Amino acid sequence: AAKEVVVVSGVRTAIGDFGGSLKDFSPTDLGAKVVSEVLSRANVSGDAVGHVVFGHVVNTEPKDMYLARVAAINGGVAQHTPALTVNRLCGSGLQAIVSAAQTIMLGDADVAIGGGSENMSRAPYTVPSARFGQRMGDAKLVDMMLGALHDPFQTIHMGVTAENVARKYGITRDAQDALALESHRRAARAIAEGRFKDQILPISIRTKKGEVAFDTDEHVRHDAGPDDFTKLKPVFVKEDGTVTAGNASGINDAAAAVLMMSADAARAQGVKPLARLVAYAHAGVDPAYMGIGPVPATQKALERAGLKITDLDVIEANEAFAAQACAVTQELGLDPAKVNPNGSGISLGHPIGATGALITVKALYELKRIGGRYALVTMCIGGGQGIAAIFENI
């Protein structure tokens, strides 16, 4: 049998807007900041880490091809610790946590860090013709940010797959704008009641008026009213459109990480843990319907966990698009009060490579706030996949 994996500590940055407060912080900078902090929060020496795994999708500079290693080293981890970067698109952050946990499960390590880091503001343009030349004719500057949001098979924006999911599963424009408005309100509540304070690492943003601490998710609209959403126009299809800029998640910058140990190593260190890993699962779906990826992934994870949907006190199911999150809640039969209690992608943002690790942090801190037992963390994946993990508060 495989060893048990304990999550001793976790942290996240505040989520920055596209072109906002974190646009000057590279992904390796953010990665290192969260690495150093989870080491501190867990009281673990950087010399005792067995593995580092980071999720990350859009390379913004050469260093990013070394992201996990740079975040680890500059985060204070000894140079003898291996470092891996993983890309499962929007699930990369949770995948990183899964991969790090596997090294503990398999006995290759008894300490491992799993996280993600992404700065979409710094997403580059590429010139595929620049190495060997165009010779003649106009060439293209390729938007790698928009390219990461396009299905590679039909070359359609991820939002077109959201419309496919809305049409197929019967999700109205009214229903989408409902989830969007509430998400903003739950998040505004969370920021007001301070539910995010402990999990967020503040970052001093060197402004010209003197430094200021960036410690609040800036995508949230605190004045949210339903007219703000009904006035918007569908962005991804010309006819019979329903997905808008308002009911679809933002594009954002952020990083997050968790530190994990084997059950034995955590016992022998007097660390007060957040939770323990119960199970995980992966699934693939039709790429044209990638939004409902979380449904089979969540169902397989419950099977491995020996649990039922009704045992889940906290559900972090990323709101990539209101169109698909409604169908996920509907097809699984979830209690919308237990799903994204404090908002998600629509309100908080979607720093794709980091989202999976970031919402794992949310789920665990929510479990402590409410004294719950089981949390589900799931999200959809461009190209047609889903990923899901279940944690137990302890």
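The numbering used is simple: start at 1 and walk along the sequence shown.
- Stretches compared: 90-98, 150-158. Higher mean C-alpha B-factor in the entry: 150-158.
- Higher mean CA temperature factor, per the PDB entry, when comparing 273-281 with 208-216: 208-216.
- Per the PDB entry, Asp335 shows the highest C-alpha temperature factor of the residues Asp335, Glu61, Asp47, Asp29.
- Of the candidates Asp108, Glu319, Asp223, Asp253, the deposited coordinates give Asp223 the top C-alpha B factor.
- The entry lists a Cα temperature factor for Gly291 that places it in the middle third of the chain's modelled residues.
- In the deposited entry, the Cα temperature factor of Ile387 places it in the lowest third of its chain's modelled residues.
- For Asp240, the recorded CA B-factor ranks within the highest third of the chain. Only modelled residues enter the ranking.
- The deposited CA B-factor of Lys231 belongs to the highest third of values across its chain.
- When the modelled residues of the chain are ordered by their C-alpha B factor, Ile381 lands in the lowest third.
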